[PDB]
Every structure is written in C-alpha cells, then in structure tokens.
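Q: Quick one: this structure, given as structure tokens, is what I'll be asking you about.
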Amino acid sequence: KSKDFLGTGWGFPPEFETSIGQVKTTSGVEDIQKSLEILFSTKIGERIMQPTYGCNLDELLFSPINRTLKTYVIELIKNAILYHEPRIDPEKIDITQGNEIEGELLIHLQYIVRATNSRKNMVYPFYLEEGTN
Amino acid sequence: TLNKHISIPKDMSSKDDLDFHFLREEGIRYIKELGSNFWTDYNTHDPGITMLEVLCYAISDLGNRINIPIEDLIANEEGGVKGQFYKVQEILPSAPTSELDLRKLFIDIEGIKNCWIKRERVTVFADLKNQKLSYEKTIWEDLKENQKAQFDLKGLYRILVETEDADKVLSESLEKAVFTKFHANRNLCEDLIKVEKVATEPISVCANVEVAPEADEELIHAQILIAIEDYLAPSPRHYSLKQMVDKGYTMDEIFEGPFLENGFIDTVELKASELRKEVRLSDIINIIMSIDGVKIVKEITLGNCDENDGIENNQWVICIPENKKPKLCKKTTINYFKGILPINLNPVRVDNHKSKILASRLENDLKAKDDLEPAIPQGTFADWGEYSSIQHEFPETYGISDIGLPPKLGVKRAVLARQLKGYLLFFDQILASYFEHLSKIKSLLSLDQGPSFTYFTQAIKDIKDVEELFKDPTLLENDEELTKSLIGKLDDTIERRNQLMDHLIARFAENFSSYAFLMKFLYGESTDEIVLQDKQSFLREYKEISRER
Amino acid sequence: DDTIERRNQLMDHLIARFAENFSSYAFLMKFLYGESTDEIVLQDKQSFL
C-alpha cells in the first residue's frame with residue numbers, strides 16, 4: 202500500500218461483469234500501460250473541452266522512411282508523453298522497418314515507472330497538497 | 084470518514100527521551116562532571132563516545148514503545164477485554180427495586196401493554212384485654228371500646244395488567260410470567276399476593292363536525308378516533324440505543340435501571356402513562372379541532388355511558404374511580420358535514436386507515452430490539468517486549484558482530500573482543516528488563532489473577548556466545564529462574580502486590596483495610612498470603628456482589 | 005405518472021386565472037356518480053374553459 206499515488210481507475214475497453222454488478226478496474230502499472238494505449242489512439246482535436254490531447258503520428262502515413270522522419274517521430278512521441286503522462290520517463294525509442302514490400306514501420310517504446318510523485322499527477326489523496334502545477 | 088493527506092512535522096525538538104541530540108548533550112555533560120580528570124578526549128574516534136551514542140539510540144527505541152496506545156498494549160491474542168474491564172452492559176445496570184423498575188420489568192412480557200403496581204392493605208384486629216389477634220372483628224366480642232386495636236400490613240403487592248388480547252381475563256401464561264419474575268427479583272421483606280387484569284369505566288362522546296369541502300372524511304374519522312383513544316389510555320414505546328442518544332440522554336442515564344432485552348423505555352413516558360382520574364371537554368375539543376380538515380365542531384358532549392341516557396347535565400368533567408382505566412363505550416358517534424350537507428362514511432375504508440396508522444408502530448418496537456449496545460475500540464497484538472542486543476550497533480572492526488573477526492588478526496584480538504562482550508552485557512540486561520516489564524502490564528492489573536512477581540527480566544539470546552559468557556547457562560532456558568537469580572530479594576512482592584490490589588479495589592469505591600488486623604485473630608504470619616488471595620477473589624466476583632444486594 | 009391528481013392541478017390553475025372556482029364538484033358529483041366522477045369532472049372543467 203506504498204504505491205498508492207499511481208492510483209486506481211476504469212479499464213480502457215470497459216468490461217461489465219454479470220457475476221457481480223461491477224465494471225472492471227485497473228491499478229498501478231497496469232493502469233499506466235492502458236493510459237499509453239489511450240493517448241496514442243486518439244487525435245488532437247477529438248476531445249470536447251480538451252482541444253490539445255492526443256498525437257499526430259498519422260502525418261507520416263504514405264511517406265518514405267529515412268533519418269529525417271525518424272527524428273521527427275521521436276520528437277512527436279516524447280512531447281505527447283511530457284504533456285499527458287506524468288507517471289513515466291521514456292528510456293529508448295527504437296524505429297525499424299521489418300518489411301521490404303509491405304508498408305510497415307515498427308516502433309518500440311521502452312520506459313521507466315517513476316518512484317516519486319509528479320506535480321502533474323491528479324490522484325485524489327495526493328494532489329490536494331502536492332499538485333502545484 | 085474520508086482519507087486525509089499524510090505528512091511529517093519538521094520541528095524535531097522535544098528535550099526529552101525521544102530527542103537524540105538532547106540525550107547526547109546531556110551524556111557528555113555528565114561525563115565531564117564525573118570524570119574529566121582522566122577522560123578528556125571527546126572526539127568521534129573515541130570508543131567511549133561511540134558507546135554513548137549507541138545507548139542514546141536504544142533509549143529512543145524504548146521511549147517510542149512506551150507511547151503505544153493502551154488499546155494495543157493490553158490487547159488479548161483473541162481480541163476482547165475479558166480480564167481487563169467490565170463492560171457497561173455488565174457494570175452499570177441495577178436490579179429492580181423501585182416502582183418504575185417493576186413497571187419496566189413486567190411491561191416487557193409479550194402481550195402486556197402496561198402495568199400498574201398497587202399496595203395491599205391486609206387488616207389485623209386485636210384484643211387488648213387478652214392479647215390476641217385475628218383477621219376477624221370477632222376478636223373484639225365482649226370488649227370495651229378502649230380495648231380494641233387494628234394494624235395494617237406494610238409490604239404486600241397487587242399487580243394490575245393491561246393486555247393486547249382484549250379478553251375478559253388474563254391468560255394463565257401471563258400470570259405465571261408475572262409471578263415468576265416477581266419472585267425471581269424481589270426486595271427483602273416484601274411479597275406478591277395477586278396479579279389481575281385492570282378494571283375499566285366506559286365514556287361516551289357524541290359530536291357534529293364540519294370539515295373542509297376538499298377533505299378525506301374516512302381518514303379524518305380514523306385519525307380523530309385514534310387520538311381520543313390515546314388521550315384516555317397512553318402507553319410507552321421501545322427505542323433503539325441510537326434513538327436514546329439522539330434524545331439527549333447519556334450513558335449513566337440510559338443504563339440507570341434494569342437492562343431490558345426489548346429496547347429502551349423512556350422514564351418520562353412511563354411516568355406519564357398512569358391511570359387517568361379525570362376526562363374533560365376542553366381537551367377532547369382540542370383533539371378534534373387540531374385534525375387537518377376540521378373547521379367547526381358544532382355540537383359536542385361527554386357523558387358517562389349509561390342506559391336511559393335521556394336529558395342530563397353537560398358533564399364538563401368526568402371523574403374516574405381510583406383503580407379503573409377509562410375506555411370509549413363503542414356507542415359513540417360523529418356526524419360529518421360539508422357546509423350544510425351531511426355525508427356518509429364506509430366502514431371498510433376507515434378500518435383500513437386505522438390499521439395502517441397503528442401497524443406502523445409495531446415496526447418500530449421491533450427495530451428497537453437490535454441496537455442495544457455501544458462500540459468498544461479494538462487493538463492488535465504484537466509482543467511489545469521484543470528486544471535486540473546493542474552489540475549489533477557497533478562496527479565490524481570492534482569484532483562483536485555475527486561475522487566474527489578474521490583469523491589473521493591473531494588470538495589476542497579475539498580475546499579482547501570476548502572481554503568487550505562481557506562488559507556490554509551490563510547495559511543490555513537492564514534494557515531487556517524494561518522491555519520485559521511492558522509485556523507484563525496486562526498481568527499486573529488483571530481482574531482475574533495477578534502475577535507473583537513485580538519485577539521481571541529476560542534471557543538474551545541474539546549474542547553468539549552467551550553459552551560461554553555465563554557461568555551457568557541453565558538460567559538462560561527459563562526467565563522465571565533468571566528473575567529469581569538476578570533480581571531476587573530486591574522485589575518486595577508482598578508490599579507491592581498489596582498496593583496494586585488496593586488501587587484496583589478503590590476503583591469500585593470499596594475498602595479492605597480491616598483485614599489487616601482482623602485476620603490476626605485467626606492466623607499468624609500466614610495472613611499475608613491469605614489476604615492477597617481474598618482480595619483477588621473479591622475483584623473477580625464483584626459484578627454480582629455490587630448488584631444483587 | 006399520477007395523471008388524475010396532476011391533471012386537476014393544471015386545470016385548477018388555469019381556471020383560477022379567470023378568478024373562477026370549481027371546488028364544489030369535489031363532493032356534489034358524489035351524489036350522482038361513484039368512482040367515475042374523476043373522469044367526468046375533468047371533462048367538465050375543460051369545457052368550462
């Protein structure tokens with residue numbers, strides 16, 4: 202019960218059970234992994250009063266793969282995390298092409314979960330006295 | 084009941100046993116005052132100073148456990164407070180000896196709504212010429228006027244019972260219940276003669292009542308009718324503990340009388356529900372006028388219900404004989420009007436309203452049966468006397484730790500390490516005693532049975548060679564033998580045990596001082612053991628002793 | 005939806021706006037009809053307006 206500032210919440214593809222009248226929830230590291238799935242699945246203007254939430258990775262569809270592109274991809278990913286996921290620090294972004302013919306680009310993101318609580322983390326019994334900005 | 088944010092204070096200064104820096108400074112001050120002629124180097128490489136800091140650390144640990152809350156320090160392994168305290172359900176209630184207590188006692192027999200307690204006057208007549216007495220006035224035949232006497236008896240009872248059944252007599256099962264409880268719980272020099280059903284007096288009420296043009300007459304009738312019946316013969320209701328608390332009563336008051344299994348009974352209501360002596364129109368009118376929808380009572384009258392009820396006085400107040408309960412005569416009636424037109428009521432609709440109004444009262448009396456007691460805070464249990472040797476706080480260089488000392492350093496250094504372990508045991512045995520003493524608080528203040536010793540010690544076994552350091556290792560296998568050997572006589576058990584017992588006895592406002600000398604007429608030196616045994620027995624048996632007087 | 009009570013409240017308000025009053029129907033109609041008065045009375049109030 203030491204790791205209570207990562208928090209608890211709804212699972213992303215919310216599932217409803219009938220063996221008990223409840224919706225499944227996630228916590229800790231599991232919760233972090235689903236947060237990342239949400240962020241990179243939504244476009245910048247799709248939320249109603251949150252006009253700047255999501256990412257622009259679609260800009261790179263139907264384009265050739267080179268050094269300039271790879272630099273741009275890395276920048277897009279890092280900024281989305283700095284703005285929207287306070288609980289982690291990116292470690293490495295590995296961008297490679299696994300198919301000579303099929304139009305595939307493979308991106309592997311590795312990251313580290315923070316041991317100390319961020320000033321941007323809105324978890325209920327903490328942000329009240331620790332959420333300065 | 085929400086979670087709060089948790090933080091730690093920044094002013095770490097208390098000037099007491101929990102303040103490390105404070106203790107360290109005092110330590111050095113004492114050293115200079117006592118030994119500065121020989122020990123002047125107080126630098127940090129000094130073994131002397133190193134030992135002081137270790138001891139200061141150990142002191143803080145002890146102080147920290149002393150501050151653990153009582154709920155945990157005296158907890159039982161299985162929970163509860165059986166041998167420590169008597170609970171309110173057990174120590175506050177009193178046997179029933181008053182008139183109100185008796186009414187509360189019997190009113191809880193199922194089927195009984197109310198009870199009244201009256202006194203019998205049995206008369207005995209006597210012949211003062213020839214001292215002789217009899218229940219007959221025949222005892223006075225042939226005597227002069229100044230040779231006669233009468234005395235009345237002083238402690239006999241009659242119980243008047245009002246039941247739910249509305250039958251002519253009491254069920255024999257009620258008579259058995261009342262007699263059983265009376266005899267089981269009675270005062271010295273008092274007795275019960277008869278249990279019987281309360282007598283009644285019938286009263287008529289007749290009226291013409293105008294109601295609002297938009298009003299439910301069947302409901303108005305059911306409401307007026309109930310309210311008049313309650314005026315004539317009120318009864319108390321049972322309450323939950325939560326409700327008694329909401330009313331503003333405290334613990335001393337809630338538990339003042341006999342404990343009742345069916346819920347609490349409010350003394351005010353009980354006093355109010357006495358047999359009525361007078362009935363009057365000024366109250367009956369107010370009952371009717373207060374019912375929502377009633378506008379005008381155009382005609383109203385009371386009267387003793389009787390036959391040939393022709394022209395008679397208004398009877399503005401009707402008086403009731405001394406042992407009767409008033410009851411509506413069922414020849415009563417109310418004519419309802421709207422404007423100038425009479426309206427008709429249906430019996431089935433009225434019965435339904437009356438039933439609902441009263442049935443909802445039963446529901447509350449039943450709910451009152453569950454909430455009969457307050458909560459008690461509960462702690463945990465965790466061997467509060469656990470102790471670790473201070474020898475584990477030193478560096479490896481000293482050689483008194485678990486990994487030992489490397490062979491290449493020679494025998495002499497290994498020997499010197501042994502000498503230091505010996506010295507340090509003088510500090511550990513004392514600290515171990517204090518921790519051990521916390522583990523015994525429960526016994527020292529026990530209501531079931533206290534210990535034979537008042538001071539305690541422990542074997543220390545987290546030191547690798549204690550089997551060689553001690554001349555006789557046997558003692559390390561049994562803390563009771565170790566106590567007798569190390570503390571021994573210093574523990575003046577007879578005087579200390581008496582002081583503890585006297586304190587506990589005093590908490591109940593009792594006093595055993597006279598045993599100090601009365602027992603010397605029976606026993607010699609052996610009285611000290613006898614008296615302590617008797618004092619412990621007294622505390623164990625106290626719950627009944629103070630109650631069933 | 006307790007229609008009978010709610011419909012009467014609306015009708016009474018509208019009638020009151022013209023300073024009129026149908027309170028007496030509440031009992032006078034019971035000398036003519038039984039339970040069926042609730043429907044009859046609402047029909048009459050609408051006709052009046």
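Residue numbers (our numbering), protein chains in the order written: chain V, 202 to 334; chain D, 84 to 632; chain H, 5 to 53.
Beta carbons are placed, not taken as given, at the ideal position from N, Cα and C, and that holds for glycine.
1) Secondary structure at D235/D, three-state DSSP: helix, strand or coil?
2) Assuming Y322/D and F342/D make a contact with CB atoms under 8 Å, what is their CB distance in whole Å?
3) Report yes or no: is there a C-beta of chain D within less than 8 Å of the C-beta of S40/H?
4) Mind listing the chain D neighbours of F52/H? Cutoff is C-beta to C-beta under 8 Å, in chain order.
5) Does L207/V have its Cβ less than 8 Å from a Cβ in chain D?
6) Buried or exposed: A281/V, going by 16 or more other Cβ atoms within 10 Å of its Cβ?
7) What whole-angstrom Cβ distance do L385/D and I371/D have, given they're in contact under 8 Å?
8) For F26/H and chain D, any beta-carbon pair shorter than 8 Å?
9) Buried or exposed: where does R630/D fall if 16 or more other Cβ atoms within 10 Å of its Cβ makes it buried?
10) Between the C-alpha atoms of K626/D and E218/V, what's the straight-line distance to the nearest angstrom?
11) Using a cut-off of 7 Å between C-beta atoms, extract the partners of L329/V located in chain D.
12) Pull up the distance between the alpha-carbon of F52/H and that of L424/D, whole angstroms please.
13) Return no unless some Cβ of chain D is closer than 8 Å to the Cβ of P326/V.
14) Kindly list the residues whose CB is nearer than 7 Å to the CB of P252/V, restricted to its own chain and excluding five residues on each side of it in sequence; keep chain order.
15) Would you mind telling me which residues of chain D sit closer than 9 Å to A20/H, beta carbon to beta carbon, in chain order?
16) In this structure, does DSSP put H88/D in helix, strand or coil?
17) At a Cβ threshold of 8 Å, is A23/H touching chain D?
18) Go to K293/V, then tell me how far its beta strand (DSSP E) extends in each direction, as first and last residue.
19) Could you tell me the boundaries of the alpha helix (DSSP H) in which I233/V lies?
20) Is the Cβ-Cβ distance between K196/D and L211/D less than 8 Å?
21) If you draw a straight line from the C-alpha of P490/D to the C-alpha of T123/D, how long is it?
22) Under 7 Å between beta-carbons, which chain H residues line up against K421/D? List them in chain order, please.
23) Quick one: what does DSSP say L455/D is sitting in, helix, strand or coil?
24) Measure from the C-beta of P152/D to each C-beta in chain H and report whether the shortest distance is under 8 Å.
25) Under the three-state reduction of DSSP, which class applies to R363/D: helix, strand or coil?
26) Using 8 Å as the threshold, is the region 277-292 of chain D in touch with the region 403-418 of chain D, meaning 3 or more CB pairs across them?
27) Taking the beta strand (DSSP E) that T384/D falls in, what are its first and last residues?
28) Check distances from the C-beta atoms of the region 280-311 of chain D to those of chain H and list, in chain order, the residues that come in under 8 Å.
29) I think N147/D touches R320/D, with their Cβ atoms under 8 Å apart; what is that distance to the nearest whole Å?
30) Tell me whether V281/D sits in a helix, a strand or coil according to DSSP, three-state version.
31) Taking 8 Å as the threshold, find out whether the region 210-225 of chain D comes into contact with the region 242-255 of chain D through three or more Cβ pairs.
32) Bridge partners for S287/D per DSSP, in chain order?
33) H128/D by DSSP, collapsed to three states: which one?
34) Under three-state DSSP, which class holds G110/D?
35) Taking the C-alpha atoms as reference points, what is the distance between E219/D and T610/D?
36) If you count every other CB in all the chains shown that lies within 10 Å of the CB of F518/D, and 16 or more means buried, which is it?
A: By the coordinates alone:
1) strand
2) Incorrect: roughly 14 Å between the Cβ atoms, too far for contact.
3) no
4) Near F52/H there are no residues of chain D at all, since even the closest Cβ is about 18 Å away, more than 8 Å.
5) no
6) buried
7) So it is not a contact: roughly 12 Å between Cβ atoms.
8) no
9) exposed
10) 55 Å
11) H88
12) 26 Å
13) yes
14) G246
15) Going along chain D, no residue has its Cβ under 9 Å from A20/H, so there is no contact; the nearest lies around 14 Å.
16) coil
17) no
18) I289 to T297
19) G229 to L240
20) no
21) 34 Å
22) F31
23) coil
24) no
25) strand
26) yes
27) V377 to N387
28) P296 and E297
29) Rounded, the Cβ-Cβ distance is 52 Å, inconsistent with contact.
30) coil
31) no
32) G386/D
33) coil
34) helix
35) 60 Å
36) buried
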